[PDB]
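First the structure, in the form of structure tokens, and then the observations on it.
The numbers here are math on the coordinates, done by the rules we state, and not lab data. For neighbour counting, all protein chains shown are included, and Cβ atoms are generated from backbone atoms with ideal geometry for every residue, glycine included.
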Amino acid sequence: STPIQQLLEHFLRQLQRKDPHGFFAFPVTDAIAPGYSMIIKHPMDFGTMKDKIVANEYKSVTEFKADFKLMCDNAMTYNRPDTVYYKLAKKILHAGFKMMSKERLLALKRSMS
Ligand SMILES: COc1cc(-c2cc(C)c(=O)n(C)c2C)cc(OC)c1C[NH+](C)C
């Protein structure tokens, strides 16, 4: 494991703790969400993000945050605002962006000195 992989695994574990039912753990299938593949063209989930960390496919925290944002945005696009998925996606998105904020990453960058 490399330092970037350990950092991304830490952020991913913290985000995944906010989804105890595993709604974001693996891809959404059309069987459990009719028309999903017809509405969501760039699917994303925590399991795919984990595979990308293990394969060393993320060059930066910005790329990781972009996948996290895509996952939440997909749930808010497919699902209406009064649904469990939309509400959890909104809660998870705000918490993840606070955790990986520019202030937190600037403090972490300054600690690399
Ligand atoms: C009902 O259960 C699930 C629901 C969703 C889900 C997740 C999201 C983000 C979504 O937008 N939709 C529309 C759906 C249907 C995913 C699931 O598994 C990945 C499961 C099955 N789990 C064992 C709990």
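Below is a table of values for the structure above.
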quantity	calculated
Matching residues, the stretch 55-75, being surrounded by 12 or more Cβ atoms within 10 Å (Cβ to Cβ) and either hydrophobic (A, V, I, L, M, F, W, C) or within 19 Å of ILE39 (Cα to Cα) (or both)	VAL61, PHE64, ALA66, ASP67, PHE68, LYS69, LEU70, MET71, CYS72, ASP73, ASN74, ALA75
Contacts under 8 angstrom Cβ, first residue in the stretch 23-36 being in contact (Cβ under 8 Å) with a residue 12 or more places away in the chain, partner within 6 Å of the ligand (Cβ to nearest atom) and assigned to a loop (DSSP other than H, G, I, E, B), 6 or more apart	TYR36/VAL28
Residues (over 13 Å from the mean Cα position of the chain (by Cα), more than 13 Å from the ligand (Cβ to nearest atom) and closer than 17 Å to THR48 by Cβ) located in the stretch 59-95	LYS59
Criterion: out of contact with any strand residue (DSSP E or B) (no Cβ under 8 Å at 6 or more places or on another chain), assigned to a loop (DSSP other than H, G, I, E, B) and more than 8 Å from the ligand (Cβ to nearest atom) - qualifying residue of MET44, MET49	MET44
Hits in the stretch 19-52 - residues which are surrounded by 13 or more Cβ atoms within 10 Å (Cβ to Cβ) and within 16 Å of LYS69 (Cβ to Cβ)	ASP19, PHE24, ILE40, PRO43, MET44, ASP45, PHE46, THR48, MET49, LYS52
Among the candidates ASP67, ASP30, residue that is at negative phi and touching a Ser or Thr at 6+ places or on another chain (Cβ under 7 Å)	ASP30
